[PDB]
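What's counted below: heavy atoms across the whole structure, side chains too, no hydrogens, waters or symmetry copies. Chain letters run A, B, ... following the sequence lines, proteins first, then strands; residues in each count from 1.
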Amino acid sequence: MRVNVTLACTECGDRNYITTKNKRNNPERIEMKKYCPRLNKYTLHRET
Amino acid sequence: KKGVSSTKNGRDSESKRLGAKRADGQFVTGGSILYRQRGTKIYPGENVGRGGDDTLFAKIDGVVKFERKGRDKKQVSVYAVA
Amino acid sequence: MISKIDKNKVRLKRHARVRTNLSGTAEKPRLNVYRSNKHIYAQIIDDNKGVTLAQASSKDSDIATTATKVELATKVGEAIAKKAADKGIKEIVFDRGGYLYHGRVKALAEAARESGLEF
Amino acid sequence: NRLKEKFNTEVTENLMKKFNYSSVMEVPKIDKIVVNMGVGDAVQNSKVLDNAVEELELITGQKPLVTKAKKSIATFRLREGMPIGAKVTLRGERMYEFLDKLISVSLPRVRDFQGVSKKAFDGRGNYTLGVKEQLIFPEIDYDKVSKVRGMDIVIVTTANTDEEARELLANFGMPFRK
Amino acid sequence: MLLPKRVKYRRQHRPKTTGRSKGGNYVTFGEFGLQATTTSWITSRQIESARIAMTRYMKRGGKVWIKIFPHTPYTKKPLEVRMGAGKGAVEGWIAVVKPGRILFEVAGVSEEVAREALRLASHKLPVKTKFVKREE
RNA sequence: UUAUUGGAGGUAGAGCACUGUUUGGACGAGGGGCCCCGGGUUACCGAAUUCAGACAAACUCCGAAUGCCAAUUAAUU
RNA sequence: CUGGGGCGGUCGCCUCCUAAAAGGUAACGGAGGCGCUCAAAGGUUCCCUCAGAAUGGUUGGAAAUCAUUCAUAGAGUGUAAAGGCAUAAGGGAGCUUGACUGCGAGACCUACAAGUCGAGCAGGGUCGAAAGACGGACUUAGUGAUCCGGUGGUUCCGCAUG
RNA sequence: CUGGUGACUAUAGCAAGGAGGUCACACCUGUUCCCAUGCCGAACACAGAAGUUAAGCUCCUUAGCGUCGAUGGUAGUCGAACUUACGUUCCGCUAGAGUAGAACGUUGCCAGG
RNA sequence: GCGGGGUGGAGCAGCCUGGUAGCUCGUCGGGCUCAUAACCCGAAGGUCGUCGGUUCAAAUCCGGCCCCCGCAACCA
Ligand SMILES: [Mg+2]
Ligand SMILES: [Mg+2]
Ligand SMILES: [Mg+2]
Ligand SMILES: [Mg+2]
Ligand SMILES: [Mg+2]
Ligand SMILES: [Mg+2]
Ligand SMILES: [Mg+2]
């Protein structure tokens, strides 16, 4: 994967996780369900 | 003084200190690494876990025993002392 | 000439793979299910000692009756659970025997759960 | 079940008498029929494979399974995983109906028909027939078909030997070149 | 000139020369053969020289079996160079011979002819040799 | 330190089961120079197969001596 | 650095052989790779087994797709090599995001700084009937200290006090 | 004896010949339903029992192959003495290959006969 | 010692970045001219130095080998 990605919780905006994606393979901002510590629940996290 | 060519070699990686870390018939505390290896030259046995790098580790305190596991395989196991 | 596969041998290979991660302790004995064309057999087994604690089968006279094989399977599952209760067995690990968890095999399992064996 | 009825009664009697089979189970039977169409042209044009699929679907009455290349070959301009063929497996009633039609209608319709080859046996009592065109089959219409294409029909028999297989096909009334 | 068509490794460690012959210590294809009583490298050139000599005397009436093959490549540094800066280029191909090894086998001739032919071959080779026959 | 016992590991030697290297025998899957869709036979036989014989730091069906790690272990230090 | 120096070559990391059957071990010794890649090529559940050869068959040829038999792995395993893997670590499908958060008994390696493995506990989850598995990838390269600066968060500080 | 399910390095396997079927296990008969096919009730699943030991399977015989395998000897080697010899000698250890031989399994638990 | 190059008969591209052989001249058949040249029209011709490797696939990438070219070959 060619680029570094930061995933931010949709609900609180917290940059909980960092990840990698291939920009050509995945041009759109990637989204995935991740545990949010502040919320203490799994929430959708989207690439900034 | 004749001019000279060069070798295209001269490289090697650091040695990884693989092999047995504990003897057969020796007491070990839980978590003790028993064997370091690439792949499974020795399989995880009783009360022995296999790490992501295929390291064999005791999952309990006990005595280490290296055992045969079929015609061409071997395993390591830990047994709790009486 | 086309070869016909032996279904029991195929399921046995599948059983061995299941058996790698599944074993019966005295505390949690294995419930093995063997399914034939006509009958279903259940044994509660302790793998460490290599001993069978209890058994129930459609071929057994008490269980034997005129019923659909799934109906019989439910009866076998209820029977094995009651026998296990007598021996004080409440916790068991279900061994599917390499058969798919559906129909007859499931019915036996469900029946044992309903009887009180905990999966 | 005309072909099946013959097999159950007439064919079984002939085979068991001929080979002195101890049990009825010993008597040979046709396990399956597989129709294979190879479409390397599909590599050049996807539509060619699509047209073939339709034809096979009409001929067999069941949707074909598209076959994808096992490996890449440069000469054929083939890439692994590319769809280059279609296959159908006919079993049970569908198999007998297709086979009876083939001998009764499709094989007669074959142009300059001089009978089927007797040497087309794998040596394990399995027979493969190659059709030059799919126009021979009754369902196919000449106007509908853009390109005439051949097909491979594989008849798999439980018979151990070709000779036993030959008898089974002859009893079914399959024409042979002799 | 006998040589391997290809090798995985062109630059190899030089062979151990101490010890006795592992195999080929018996005449198996011919009536008579030449047995090495000393250890030395045998080059492809030496084999050819010995072969040509023995065939000439035999007059090609008999058959010659060459038991030894020069598998191992050996390197030599370019002339007038200092030490280091890598191993040299392949110079030749050699067979390690230890005492007992049968170098050549001859058949289809009288013993007298064979003894002379092997004698002529022996003088072309570095090792000391003894005339040998099949043993039963 | 030694004795006793258990274990890890692949070297020496050896071997050719694998990967390569290699000698001499036979022998052919299948047609060409050859004799008829109507048969044959004095290359190649390259595929392959087989018998015997050799080779290897980066080959191994094998496999020591030693050395190494241990033991509610004994003797001596 | 250098079998004087220059010139040529080289500098970190990974794999093998040299390495003398634990580990470790050098030369400008013999061979190769790395400065990634993958949103599945990760997790889980279920299911599945190769390469090759022979024979039969149309477009079709040594070789395409089909069928049977033989075939113990000569296949495959993202990518070097080695060690592993056919109870798969290889292939297919469904559902998913554990490519979690806080951590961590013990252990390996080790001059230091680092590096490696880790049962188990808590929180909140995914797949599974369930047992259970899951803190990326068959394992081992794919990386760079501190200072300084940027960006986001923060029940921390705020030079008389706000 | 048979079956289910475990243990063991194939002495347990492979191949070849033979034998066997109230029950059991299959093959088998169908696809209405649960469920299934990247097509196919082939398989899987389910509902069954007309037919059949044909095959699988189980049992018996065998040593062709695979497997196991000495004793003796040999190679190698720790130590020692002697030497510089592509070494020698002594002592302990001691292969590989091959040979005789072994071997067509041995067993635990549970339910039936 | 270290680089570069070897492609229809000639000279010169294509390689970097694998799938694609180009341009000019020459050659060949026809035409124009009394004839030739020039000119016009149509056409053919390179296994990419050679053996290997990697790859589904090699002019192209990688390694030898042969040939050719350039540069270096110093301090005593
Ligand atoms: Mg290393
Ligand atoms: Mg050796
Ligand atoms: Mg070592
Ligand atoms: Mg050592
Ligand atoms: Mg600074
Ligand atoms: Mg203030
Ligand atoms: Mg002119």
TODO: Would you classify B:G30 as touching base, sugar-phosphate or nothing, given that sugar-phosphate means primed atoms plus P, OP1 and OP2, and contacts are heavy atoms under 4.0 Å?
DONE: base
- [ ] Classify the side chain of D:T67 versus the base of G:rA64 as yes if they form a donor-acceptor pair under 3.5 Å and no if they do not.
- [x] no
Task: Presence of donor-acceptor pair under 3.5 Å, side chain of D:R91 and base of H:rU31 - done: no
TODO: Indicate whether OP1 or OP2 belonging to H:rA47 is found under 4.0 Å from a side-chain N or O atom of C:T68.
DONE: yes
Open item on the list: Going only by the six-membered rings, do G:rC134 and G:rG135 fall inside 5.5 Å on centre distance and below 30 degrees on plane angle?
Closed with: no
Open item on the list: So is the aromatic ring of C:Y101 stacked onto the base of G:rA129, judging by whether the centres are under 5.5 Å apart and the planes are under 30° apart?
Closed with: yes
TODO: State whether A:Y42 and A:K33 meet the cation-pi test: NZ (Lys) or CZ (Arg) under 6.0 Å from the six-membered ring centroid, and within 45° of the perpendicular axis.
DONE: no
- [ ] Can you check whether any acceptor in the base of G:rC109 is under 3.5 Å from a donor in the side chain of B:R17, or vice versa?
- [x] no
TODO: Kindly say which groove of the paired bases is approached by E:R82's side chain to under 5.0 Å: the major or the minor one?
DONE: major
Task: Side chain of B:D54: groove with base atoms under 5.0 Å - done: minor
Open item on the list: Between B:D53 and B:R36, does any NZ, NE, NH1 or NH2 come within less than 4.0 Å of an OD or OE carboxylate oxygen?
Closed with: yes
- [ ] Searching all strands shown, indicate the nucleotide that pairs with F:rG40 (Watson-Crick or G-U wobble; both distances under 3.5 Å).
- [x] none
- [ ] Under a 3.5 Å limit for both distances, which nucleotide forms a Watson-Crick or G-U wobble pair with H:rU99, could you say?
- [x] none
Open item on the list: Taking pairing as Watson-Crick or G-U wobble with both contacts under 3.5 Å, can you name the mate of G:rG52, or confirm there isn't one?
Closed with: G:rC70
